[PDB]
Each structure stands twice: as structure tokens, then as C-alpha cells.
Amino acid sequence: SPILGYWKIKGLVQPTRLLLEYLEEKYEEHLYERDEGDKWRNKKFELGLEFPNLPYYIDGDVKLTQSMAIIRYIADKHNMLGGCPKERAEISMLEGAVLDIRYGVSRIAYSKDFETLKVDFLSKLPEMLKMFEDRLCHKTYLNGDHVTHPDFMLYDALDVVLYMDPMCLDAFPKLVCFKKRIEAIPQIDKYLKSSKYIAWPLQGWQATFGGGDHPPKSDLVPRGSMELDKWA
């Protein structure tokens, strides 16, 4: 199989994992664990990479790095990246828009003073999401009725964002419908329910959000109602 390295985190790779699955493609993962980072430094220069970074993708021919480079390579192999220039460009538009929410969590995630940051980013969230809620206007998926790589990306993004505020998605039904429809894939279904599936962490174990070492209780403030009532 094509060999793939990452940390035992959802992180950047979750979407390529998801995509690898849905294609019924034999792949072998190289999963580094928090302590294991020792093992990384040595192999960091050995396995003939050109831009040695994680996540990596070893194959017969291709010897790749860079998260987009990996995903696009699987979907491209498969005829999913698009036919006609303009379409191919729309796909990456979707990709880009996706990666703002998911990279948006990333760019806050580790900052100690998360609590305060969360606020500002979340303020903007409803706008970013409406974009998709609107693009899901009489669509099964992002870019018509077939899956595309960015569908799993909005999925890793939505999966991520629910961990900030589980309620954030109630204002956008079609998005919730989207998450239900993705998982309804027999391939998505069985996966999320297997040994292989990395359910956490969401970020590197150092991270203030989607981090620590185990699935998330509070670390916060709620707001719910005036004095001592409503505590989500």
C-alpha cells in the first residue's frame, strides 16, 4: 500500500484518511504517538523525502509531503479534481473556503488565552458557514451529487467546530443534513466505528482546544442565563 505518516491526531490528515477510506483504497498508516516523536527526527531525513514534513505520503512512484498535495493526489488519481479548468478552480475555491474555518481553529487552538480568542473567531463563524449552507442549496454535496475531496474537508471542519460550541450548527440545517449524509456512506459509517479511526486529539496534544489527551469536558465559561442558570 501507499504509506502515510502522521501523529495519532485527527488534525490535518483526517480528511485524507476519510478520502482514502471512501475510495476503498488499501493504505498503511505510519502513526507517530506523543512520546514517539523521537522516531520522527531520525526518519525525518532517511526515507528519501524532498520536503521532509508531516504528513508524508510514500507510494511506489510519488514521495510526497504537504497536506493539500496528498489529498489532491488521491482524488486526482481517481478523476475527482475536475474536468474543465473553471470547474477544477471551483473545487479549490471550496477547498480554500473550507480551510479558513479549519485553519481558523488551528491559528487559535494553541494560544493559551484560547477562551478570549474563541469569542472573536466564533463571531465570524455564522458568516463563513452561511456560505456553505447556501452552496448546499439543492445539492447532495459540495459540487453537485458526487463526492469530491472538499466534502470530507467541510466534514473535518464541521466535526472540529462542534467541539467549540455544539450549538453553532443548529442555525444551519443543510449542514447537519450534510454531516448525516456523509456518514450514511457505508464506508464512512463503518470507518468511524472501527479500530482504525483516530477520534482524538483534534490538534497536537499541546493545544488548548481540541487537545490535552482525551475527549472534551469543559475548561471554560458558558453564558446561558443570568446568574447561575443554564450551564452548557
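Definition used throughout: the rigid core is the maximal C-alpha set that superposes within 1.5 Å between two forms. Numbering starts at 1 and follows the sequence shown.
Superposing each structure in 9 other deposited structures of this protein on the rigid core shows that the farther-lying of 65-73 and 37-45, by root-mean-square Cα distance, is 37-45. Taking the PDB entry as given, 211-219 carries the higher mean Cα B factor of the two stretches 14-22 and 211-219. The deposited model assigns a higher average Cα B-factor to 111-119 than to the other stretch when 87-95 and 111-119 are compared. Between the residues 165, 183, 28, 46, the entry's highest C-alpha temperature factor is the one at 46. Within the group 190, 174, 63, 39, the record's highest C-alpha temperature factor is found at 190. When the modelled residues of the chain are ordered by C-alpha B-factor, residue 100 sits in the lowest third. When the modelled residues of the chain are ordered by C-alpha B-factor, residue 195 sits in the middle third. Among the modelled residues of its chain, residue 141 has a C-alpha B-factor that falls in the highest third, as given in the PDB entry. Per-chain ranking of the deposited C-alpha B factor places residue 73 in the middle third. Among the modelled residues of its chain, residue 205 has a C-alpha B-factor that falls in the highest third, as given in the PDB entry.
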